[PDB]
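What follows is a single structure, written as structure tokens, with notes after it.
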Amino acid sequence: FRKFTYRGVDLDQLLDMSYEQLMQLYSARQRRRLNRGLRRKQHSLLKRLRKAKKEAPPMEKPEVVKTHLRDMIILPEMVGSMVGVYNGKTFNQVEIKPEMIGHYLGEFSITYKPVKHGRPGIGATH
Amino acid sequence: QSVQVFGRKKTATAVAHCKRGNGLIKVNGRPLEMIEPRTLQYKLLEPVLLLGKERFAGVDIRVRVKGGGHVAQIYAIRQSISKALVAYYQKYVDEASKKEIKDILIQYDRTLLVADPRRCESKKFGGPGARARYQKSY
Amino acid sequence: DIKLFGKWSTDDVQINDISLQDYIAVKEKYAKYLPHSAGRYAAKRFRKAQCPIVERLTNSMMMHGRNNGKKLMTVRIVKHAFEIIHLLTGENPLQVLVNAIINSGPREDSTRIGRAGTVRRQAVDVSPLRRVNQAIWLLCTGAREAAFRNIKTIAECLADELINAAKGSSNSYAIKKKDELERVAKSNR
Amino acid sequence: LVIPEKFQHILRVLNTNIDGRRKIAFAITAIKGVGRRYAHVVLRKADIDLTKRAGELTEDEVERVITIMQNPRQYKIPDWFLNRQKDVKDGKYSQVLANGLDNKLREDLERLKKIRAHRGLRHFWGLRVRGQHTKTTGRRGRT
Amino acid sequence: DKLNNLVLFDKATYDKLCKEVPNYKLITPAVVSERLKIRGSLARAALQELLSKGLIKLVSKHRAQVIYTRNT
Amino acid sequence: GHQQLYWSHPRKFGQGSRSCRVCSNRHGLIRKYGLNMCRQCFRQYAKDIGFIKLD
RNA sequence: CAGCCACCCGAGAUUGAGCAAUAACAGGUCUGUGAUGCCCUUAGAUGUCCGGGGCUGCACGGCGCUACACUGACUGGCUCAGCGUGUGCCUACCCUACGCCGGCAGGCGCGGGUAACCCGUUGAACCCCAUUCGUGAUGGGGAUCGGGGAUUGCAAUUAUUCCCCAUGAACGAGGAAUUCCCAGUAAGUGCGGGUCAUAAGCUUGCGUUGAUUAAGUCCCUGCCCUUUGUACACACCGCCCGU
């Protein structure tokens, strides 16, 4: 089969070296909310991450956790936890593959869908 | 040397600086003979050179009309030529020469020197343009 | 005098009809060295009705409003009509223009009947001014019908436009519409 | 000029499609690695004669520009004209070759189908991924 | 059909450029060269190139209804 | 609630940061040239402030 | 006579708007109003807290869009033709030149500007048009998601993300029927201003553009005047007759 490569850039080779020089090469997008600093306004995301990775390891749907955050990404260890929207009306449960690093469409959960379309016939002019 | 006749067509910014020498018109650094449009050349070179090449050697004119548009500096150069010649021969030759050169420059151009106040017109509310409205009523 | 170089002359135009002295203005002082010198005939009290033939050719060709933007193009096509018809015919372009439009064109052109008419037309004795002007209009619209939207190589399309406008080939669409107009004119006869 | 033999009308150079009736900036574009600004920069960096014509072309000339397409990193230019740039299956801008094996050749589209990417779903249809306000929309994708 | 065309300059594009085209009262190579069923635009280009040997600078192309030389 | 939950983010710039300086209305305001009125109040006071209908 | 149509000492021979009467409408606005008549009573009160989200569940017979083509091309051509905004008085939130990160969104830095003084000679078309058009699916899309890397604003999920890349749903102006239009108008294009913490395919203004015009008419849809008829006056969407 084929494993996950970071959009044509090696990933195991990326983890071969140290960790301090990956922020200098951090991917595009999903870092702004915590871009104010690796400081306060961040503990909630890591708390939920520990919650989920303690109730469900990667490659698994998590246990009753509904975070609405984009989950600022560094590695496809994000799987094992779900970004979900909680209102009593929004409930998405999809198992998504761990190929998401800083790039397109790692989120199948959707907060809207087409509403009931009625009959389009019964005349068009008078 | 002051003649005070200028050359001004449309809104082009022009200068007619007079001091004795050859009559040459500089347009984007291109003199009168070799002109910027490169397609209206005969219509401007015909009146002067067929009568004489030393004809413009009377009083040199700095004509640096920073004109954009071919209808702008074209025919502005001939306006300048006719006006400078007529004023020089008016103030500094004699009245009879005035009459004859005015006759030849008027058979050059009967009456089209000066126009009425008009340009592109304003836009009114209720429509996309000056005289136009929104969706039609047939 | 004033002429075209040392090889061409512009004083070879004499028709002597004694009828082009009321609308075609050559009488007193309407002469120009200039083919066109930024006329202001709009602001005048309809003083634009003594217009010559070259300016009719200048102002009666464009399709729709898809040429305006620079009268540079108008004066350039006047100059290049001058030169191209000169190349075609080897003599004065305006003279042969008149020669090749008079021998054809409107003998009794489109004009209505009585107080209102759209069914048929009337074979109307076309006035010399309007016959000449509308023949130049025929040539101009035929030039923008044949030279434009042509399926062949365009450097002889004025020659074939002359052929269609005078000789009468079944190529130009305007000439077959004028053929229907002539069929109505003969229906009058 | 033309010689009394076969003109370069229909031949198989690189399995591409081109017929000798449309002129320059169109014949070179027929190969997906040549054309427009990239052709300009290649013709510059290789110091090529302007007069040369594609009417009776040689295979080597197209191949050399294609090699430059594979490796444009040294030239400091956008490695454009590639649908595979910075995409999975190439450690570094690589060239995949051959036809009739399109599914394998463009497995990128298979990867987009297996991840069911709407972006990937865009390819195969002519439509906007963003999807504008309800109007003349949806008509994008006509077969 | 897929009409056979030649992308560059040709002998037909060079054909009869000074044999009978400039020996007619109407000196216009367009339609006459078109009769060869070979692209007339490049025929005009070849004629202009041979006319501009270097004695007189002729680099302007202008519009379609463009003049040609007189050589009769 | 009074000062504990609110005032923890920049939100001083919305449409509610403005109101007509004559009637405290937040709809149809005029920011141009800084006179800061609604449409109707400005139409009322245009003669006095110095705006005269000539066009 | 009032005037009208063409022109022979001759710059000028209907620019476009503003204002706009008497009498009317049960026209719109009490959601512009410290411009105001007639009112409610009792718990997550329309005012704070709503991660998500309201027309977006939508197929060019409501504004602004495609010319089957020398009238059209990417600077061998520009000494250019050309509305009007812009910073701290409440109030941080303005316009930005120039260098670097750069071959670039975006970020950093000193600088100018209360403005004909700085942005700016505002990048408001490239006229010979130095990739360069023969029977034109193919410069008149490229029926748009991949890529140096993606925001001075919590929320960008139908949306300020951003500098740009081979022919492929149209094919010659695509009619059941429609709160357009006559001298730089229609129609291209773009640039501003109001909205604007973010933002305009909205609106309001501004630019290179014409006439030989149609120097017309009352057949449509309407309006005005006179005469005339009326059983109409709530005025023909009237009145009214009979089964």
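Any value given below was found using the heavy atoms of this structure, including those in side chains, with hydrogens, waters and symmetry copies removed. Within every chain, numbering begins at 1; the chains are lettered A, B, ... in the order of the sequence lines, protein sequences first and strands thereafter.
Side-chain nitrogen and oxygen atoms of A:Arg36 include at least one within less than 4.0 Å of the OP1 or OP2 phosphate oxygen of G:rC154. A close approach under 4.0 Å does not occur between any side-chain nitrogen or oxygen of D:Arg140 and OP1 or OP2 of G:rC145. Between D:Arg139 and G:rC60 there is a side-chain N or O to OP1 or OP2 distance below 4.0 Å. Within the structure, a side-chain polar atom (N or O) of D:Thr137 is placed less than 4.0 Å from OP1 or OP2 of G:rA59. The phosphate of G:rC165 has neither OP1 nor OP2 within less than 4.0 Å of any side-chain N or O from D:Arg84. In terms of phosphate contacts, B:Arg133 brings no side-chain nitrogen or oxygen within less than 4.0 Å of OP1 or OP2 of G:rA186. Taking 4.0 angstrom as the limit, F:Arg11 places none of its side-chain polar atoms (N or O) nearer than this to OP1 or OP2 of G:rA155. Proximity of F:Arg31 to the phosphate of G:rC196: a side-chain N or O atom is located under 4.0 Å from OP1 or OP2. Side-chain nitrogen and oxygen atoms of C:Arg40 include none within less than 4.0 Å of the OP1 or OP2 phosphate oxygen of G:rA183. The phosphate of G:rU85 has OP1 or OP2 within less than 4.0 Å of a side-chain N or O from F:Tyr33. Contact annotation: D:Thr29 does not reach the phosphate of G:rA166 (side-chain N/O to OP1 or OP2, under 4.0 Å). Distances shown here put every side-chain N or O of F:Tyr6 at or beyond 4.0 Å from the OP1 or OP2 atom of G:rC49. Between A:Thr90 and G:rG52, a side-chain N or O to OP1/OP2 separation shorter than 4.0 Å is absent. Side-chain N/O atoms of C:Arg115 include none lying less than 4.0 angstrom from OP1 or OP2 on G:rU217.
Counting any heavy atom pair closer than 4.0 Å across all strands shown, B:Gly126 reaches sugar-phosphate atoms only and no base atom. If you check every strand for non-hydrogen atoms under 4.0 Å, C:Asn133 touches nothing. Looking at heavy-atom distances under 4.0 Å, A:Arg29 makes contact with a base. Residue C:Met61 is out of contact with every strand shown, counting any heavy-atom pair closer than 4.0 Å. A:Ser27 comes within contact range of the sugar-phosphate backbone alone, with a heavy-atom separation under 4.0 Å but no base atom that close. Using a 4.0 Å heavy-atom distance criterion, F:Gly1 is classed as making no nucleic acid contact. Using a 4.0 Å heavy-atom criterion, one finds that C:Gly65 contacts the bases of the nucleic acid, with or without backbone contacts as well. Backbone-only engagement by F:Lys53 is indicated by non-hydrogen atom pairs under 4.0 Å involving sugar-phosphate atoms exclusively. As judged by a 4.0 angstrom heavy-atom cut-off over every strand, F:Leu29 is placed among residues touching the sugar-phosphate backbone only. Nucleic acid contact class of C:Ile77 (heavy atoms, under 4.0 Å, all strands): none.
Shown here, G:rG175 forms no base pair; nothing in the strands shown gives a Watson-Crick or G-U wobble contact with both key distances under 3.5 Å. Nucleotide G:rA200 forms a pair with no other nucleotide shown, judged by Watson-Crick or G-U wobble geometry with both contacts under 3.5 Å. Within the shown strands, G:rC191 is the pairing partner of G:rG205 under the Watson-Crick or G-U definition, both distances less than 3.5 Å. Of the nucleotides present, none pairs with G:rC19 by Watson-Crick or G-U wobble criteria with both distances under 3.5 Å. Under the Watson-Crick or G-U wobble criterion, with both distances below 3.5 Å, G:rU138 has no partner in any strand shown.
By the rule that a glycosidic angle within 90° of 0 means syn, G:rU114 counts as syn. Classification of G:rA69 as syn follows from a glycosidic angle within 90° of 0. For G:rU22, the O4'-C1' to base torsion is within 90° of 0; the nucleotide is therefore syn. A syn orientation is assigned to G:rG44, its glycosidic angle lying within 90° of 0. Taking syn as a glycosidic angle within 90° of 0, G:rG175 qualifies as syn.
Taking 3.5 Å as the upper bound for both contacts, G:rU36 does not pair with G:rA115 in Watson-Crick or G-U wobble fashion. G:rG149 and G:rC162 make a Watson-Crick or G-U wobble pair, with both donor-acceptor distances under 3.5 Å. Pairing between G:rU135 and G:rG32: absent (Watson-Crick or G-U wobble, both distances under 3.5 Å). By the Watson-Crick or G-U wobble test, with both distances required under 3.5 Å, G:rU121 and G:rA125 do not count as a base pair. With both distances required under 3.5 Å, G:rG134 does not pair with G:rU33 in Watson-Crick or G-U wobble fashion.
Here G:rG12 is the nucleotide among G:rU158, G:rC206, G:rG12 with the atom lying nearest to any side-chain atom of B:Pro117. Out of G:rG84, G:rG210, G:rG146, the shortest distance to the side chain of C:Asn68 is found at G:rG210. Counting only heavy atoms from C-beta on, F:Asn25 has its side chain closest to G:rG32 among G:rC63, G:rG32, G:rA13. In this structure, the nucleotide among G:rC70, G:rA150, G:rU213 sitting nearest to the side chain of C:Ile154 is G:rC70.
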- Evaluation steps, side chain to side chain donor-acceptor pair (under 3.5 Å), between D:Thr136 and D:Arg139: CA-CA 6 Å; D:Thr136 170; D:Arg139 311 204 287 179; 2.6 Å; yes

- Message: Show, in sequence, the C-alpha distance, side-chain angles and deciding distance for C:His80 and E:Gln65, and conclude whether the side chain to side chain donor-acceptor pair (under 3.5 Å) test is met.
- Response: CA-CA 8 Å; C:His80 221 194; E:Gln65 307 259 268; over 6 Å; no

- Task: Could you go through the side chain to side chain donor-acceptor pair (under 3.5 Å) check for D:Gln132 and D:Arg140 one step at a time?
- Result: CA-CA 11 Å; D:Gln132 298 82 359; D:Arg140 310 191 263 62; 2.7 Å; yes

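Of the charged side-chain nitrogens involved, at least one lies within less than 4.0 Å of a carboxylate oxygen, so that C:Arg40 and B:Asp116 count as a salt-bridged pair. Note on B:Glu36 versus B:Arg38: salt bridge recorded, some NZ/NE/NH1/NH2 to OD/OE distance being below 4.0 Å. The pair A:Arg7-D:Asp87 fails the salt-bridge criterion, with no side-chain N (NZ, NE, NH1 or NH2) lying under 4.0 Å from an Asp/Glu carboxylate O.
Each of A:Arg33 and E:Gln65 lies near RNA chain G, and the nucleotide nearest E:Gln65 is the one positioned closer to the 5' end. Each of B:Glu121 and B:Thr111 was assigned the nucleotide of RNA chain G with the nearest heavy atom; the assignment lying further toward the 5' end belongs to B:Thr111.
As a whole-Å value, the separation of B:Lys10 NZ from G:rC80 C1' is 14 Å.
Side-chain to base pairing of B:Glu36 with G:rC127: one donor and one acceptor N or O lie within less than 3.5 Å of each other. Scanning atom types as modelled, no donor and acceptor separated by under 3.5 angstrom connect the side chain of B:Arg131 and the base of G:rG184. With hydrogens and angles left out, the side chain of B:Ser137 and the base of G:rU178 share no donor-acceptor pair within 3.5 Å. Judged by distance alone with a 3.5 Å cut-off, no donor-acceptor contact links the side chain of D:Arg36 to the base of G:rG142. Judged by distance alone with a 3.5 Å cut-off, a donor-acceptor contact links the side chain of A:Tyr104 to the base of G:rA150. For G:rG77, its base never sits under 3.5 Å from the side chain of B:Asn28 at any donor and acceptor pair. Residue-to-nucleotide contacts include a donor-acceptor pair under 3.5 Å from the side chain of D:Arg130 to the base of G:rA159. Not a single donor-acceptor pair, N or O on each side, falls under 3.5 Å between the base of G:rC128 and the side chain of E:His62.
Judged purely by atom type and a 3.5 angstrom limit, D:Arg119 has no side-chain atom pairing as donor or acceptor with the backbone of D:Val129.
Taken from CZ in B:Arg64 to CG in B:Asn28, the straight-line distance is 13.0 Å, to the nearest 0.5 Å.
For the 3.5 Å distance criterion, the side chains of C:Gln50 and C:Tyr23 fail to qualify, holding no donor opposite an acceptor.
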